[PDB]
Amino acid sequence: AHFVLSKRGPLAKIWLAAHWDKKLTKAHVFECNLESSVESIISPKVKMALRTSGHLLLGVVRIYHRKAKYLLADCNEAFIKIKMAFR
């Protein structure tokens, strides 16, 4: 109900985002599928405690925020590249 799986499973990187997101890498953030992560939270094998779901919620939102961070960085860099190619 509280510590499910010892992790390295499906919600593994979510759990890591929720606690020590320092150790969460750009490869992790990119390959994280937010919708199957949410799906295994809203209906898990065993019902999980409000504490665990609270962490995981922040896990999912933190990865989602990092996807935006990279997409923004990349869009600014793609827009600069086009302006530069004009000249």
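Think of the rigid core as the biggest set of C-alphas that the two forms share within 1.5 Å after superposition. Residue numbers here begin at 1 and follow the sequence given.
In 4 other deposited structures of this protein, superposed by the rigid core, which stretch departs further from the shown form in CA positions, 42-50 or 58-66?
When 42-50 and 58-66 are compared in 4 other deposited structures of this protein, 42-50 lies farther out.
Do the C-alpha atoms of 55-63 or of 41-49 have the higher average B factor in the entry?
The stretch with the larger mean CA B-factor is 41-49.
Quick one: higher average CA temperature factor, 78-86 or 1-9?
Between 78-86 and 1-9, it is 1-9 that shows the higher mean C-alpha B-factor.
In terms of the chain's CA B-factor thirds, is residue 71 lowest, middle or highest?
According to the entry, residue 71 has a C-alpha B-factor in the chain's lowest third.
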